[PDB]
């Protein structure tokens, strides 16, 4: 009863404590968001030459099942002319967000093999029924 079509509203705010990924420069970071293993895959812009990138980008991702869905956040380094250079990732269970609540917090990204630190990323997440205003508490 009372079937709802939930959406994941996610603001990829900023990150800090990113690793130096090459001999020169600092980090040219962007985040990749993926729901489950689906083709709902989104990318932020690249912020060049900083360990403290600020994206402040919002994405609106339709959900399949709020009791089991997972958001994976991959942090990677741009490598022009070559493939993305992976930094770190985290898998976030959608079922841990109180429905309708706006949760702003920092997440500890797990560095991949060979990477000296993973960084921390700030996300504002709101799991909201369709029709509710994004990023405002839903009553």
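For the two forms, the rigid core is made up of the largest set of C-alpha atoms that agree within 1.5 Å on superposition. Residue numbers count along the first chain shown, from 1.
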Legend entry - Farther-lying stretch by C-alpha RMS in 6 other deposited structures of this protein, rigid core as reference, of 48-56 and 75-83: 75-83
Legend entry - Selected stretch [higher average CA B-factor]: 10-18 or 127-135: 127-135
Inset, instruction - Would you mind comparing 30-38 and 81-89 for me and telling me which has the higher average C-alpha temperature factor in the entry? - result: 81-89
Legend entry - Among 67, 70, 108, 52 - the residue whose C-alpha B-factor is largest in the record: 67
Inset, instruction - Would you mind ranking residue 113 by its C-alpha B-factor against the rest of the chain and naming the third, lowest, middle or highest? - result: highest
Legend entry - Modelled-residue ranking by C-alpha temperature factor, third containing residue 95: middle
